[PDB]
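Okay, here we've got a single chain as structure tokens, the form solved without this ligand, with questions on binding and movement later.
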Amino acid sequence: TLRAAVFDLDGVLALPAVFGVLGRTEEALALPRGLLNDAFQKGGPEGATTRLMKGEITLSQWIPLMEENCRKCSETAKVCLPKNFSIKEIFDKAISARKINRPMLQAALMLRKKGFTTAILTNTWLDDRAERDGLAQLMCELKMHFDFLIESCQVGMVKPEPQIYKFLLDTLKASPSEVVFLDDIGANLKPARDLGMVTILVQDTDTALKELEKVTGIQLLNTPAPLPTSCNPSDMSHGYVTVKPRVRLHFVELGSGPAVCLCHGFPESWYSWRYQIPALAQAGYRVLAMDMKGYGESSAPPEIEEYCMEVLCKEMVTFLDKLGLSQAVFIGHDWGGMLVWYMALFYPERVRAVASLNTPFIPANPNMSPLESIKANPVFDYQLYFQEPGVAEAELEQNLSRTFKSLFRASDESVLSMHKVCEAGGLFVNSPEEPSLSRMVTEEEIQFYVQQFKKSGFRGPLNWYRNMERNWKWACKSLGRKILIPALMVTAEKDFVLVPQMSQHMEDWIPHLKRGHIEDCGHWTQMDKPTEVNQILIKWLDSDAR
């Protein structure tokens, strides 16, 4: 019967609360108990503070009024205020101290997932202090997870005035008995209770979730660790750059700070990075997630040599040039992995740092043809199957759903050995018509990939595999070099195609190479173990790229 949940910000979705800094300051400075909270509330409905919350005056205009109020409250209680006593100081500090109460955010998230309409209703202020960006950042992180954010200072009303709750109900398109409202201030709860909303007085977070759990009938506490935030494609900024007459590259862009270019693998998409994109933005980076040449909304010219590494790389450089980026951090996976290593070797001036998931760097052997090298590894047999224009295209395009459902599987789920693929006659010859859905992917996510691959199919993606000789020759040019810019190699324990041991010699070529390793992780690193990927990439970025 409950269908909507409404959260306050201070004391509920962010801790510690700013009222708490009034009280602790008093204590810390041994002033009359309550003195600062009296100054804060001075005048009530017609006092400075209400005008703030209603958006009549800015924070900075308020600061000297609160001064005046403290001066008067201390006069009447016959006490002095300390040398250098500063309300700007006290508030700057309070506001940077408050962080997101992670378990309250997680509960809000869970209820939204099961169908609730969620809202933040907060008494707040127009923030124009030199340090405002601090709060701008917090609000940004919170608001994306809610259906509505209602700000006292934007709508010109405040809790506990009754009109804001009517405005609230009217925003939810919900009747008061379909709504739970959590607040840490009981006076603000009263008018929600009068209209007959379920209310929760939030003292400690866990009790409130226990009450919230009871009353909604959904598990909220002790719930397993959730996934990272994923991307909704149609919420993204989509950018497009023509790097040369017949080729434009598409990317999705989120965040500010050092530019970080994500390069997906075969046969994938920018969306392969859907778990990393919000996390790395949040972590203070400008993420550009590409569709690599051949995929999605990027161009897919037909000719094979359009997909040799030399041409691919020159193109990524041109992409930086037209975006006006002198460098970026390049992070790749699978084929996008091989490319970033090559970007490091031929264009180190353009690469802030380089990282690869799964794909090791392995110099070309000048004494052995690349085709020999490939025949030397039973697990690469699929690549010889990929060579004949048309053959693999026909298999892979035949049933896109089945294709992505068969490839994107976790290590304990596979339906396709890479074994004697040529002999068998195809990559799917002995796998089902209608495979089950992997635990890694929802049905909607498979369908996005399917839709992307309707644009150009598999000729462009397959062409990446069809320049063995050209790439070998070009790579041979780099045999005298070492990679000496910052570099990270993440091995995936259960990738049976790019096995971790294939990376074992890499320190000969990259002496200060850094490492991560992910256990129980198959070939589709980013969606198999998103949390562990995010942690390893941010830690490395913050240490080596920042």
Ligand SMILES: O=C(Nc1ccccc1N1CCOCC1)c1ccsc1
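Residue numbers run from 1 along the displayed sequence. What we label the rigid core is the largest C-alpha set whose atoms superpose within 1.5 Å from one form to the other.
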Which of these two stretches, 311-319 or 407-415, has the larger RMS Cα offset in 9 other deposited structures of this protein when the rigid core is kept aligned? 407-415
Comparing average C-alpha B factors as deposited, tell me which of 258-266 and 375-383 sits higher. 375-383
Between 241-249 and 334-342, which has the larger average Cα B-factor in the PDB entry? 241-249
In terms of CA temperature factor as recorded, identify the highest of 108, 289, 90, 120. 90
When the CA B-factors of 134, 294, 278, 196 are compared as recorded in the entry, which is the largest? 196
What third of the chain, by the recorded C-alpha B-factor, contains residue 486? lowest
With respect to C-alpha B-factor, does residue 514 fall in the lowest, middle or highest third of the chain as deposited? lowest
Ranked by Cα temperature factor within the chain, is residue 526 in the lowest third, the middle third or the highest third? lowest
Chain-wide C-alpha B factor ranking for residue 498, given as lowest, middle or highest third: lowest
Among modelled residues of the same chain, the CA temperature factor third for residue 178: highest
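Note that the form deposited with this ligand bound isn't included here; everything after this is about it.
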With heavy atoms only and a cut-off of 4.5 Å, decide whether residue 342 touches this ligand in the bound PDB entry. yes
Would residue 370 count as touching this ligand in the bound PDB entry under a 4.5 Å heavy atom rule? yes
Even though the partner isn't displayed, in the bound PDB entry is residue 448 close enough to this ligand, meaning a heavy atom within 4.5 Å? no
Look up in the bound PDB entry whether residue 180 has a non-hydrogen atom within 4.5 angstroms of this ligand, and give yes or no. no
Among 103-111, 231-239, 67-75, 465-473, which stretch sits within 4.5 Å of this ligand in the bound PDB entry, heavy atoms only? 465-473
So this ligand isn't shown here. In the bound PDB entry, which residue out of 456, 383, 298, 199 has a non-hydrogen atom within 4.5 Å of it? 383
Exactly one of 189, 309, 259, 135 has a non-hydrogen atom within 4.5 Å of this ligand in the bound PDB entry; which residue is it? 309
Would you check whether this ligand, in the bound PDB entry, lies within 4.5 angstroms of a non-hydrogen atom from each of 116, 149 and 169? no
Scan 333-367 and note down the residues that get a heavy atom within 4.5 Å of this ligand in the bound PDB entry; none is a fine answer too. 335, 338, 342, 364
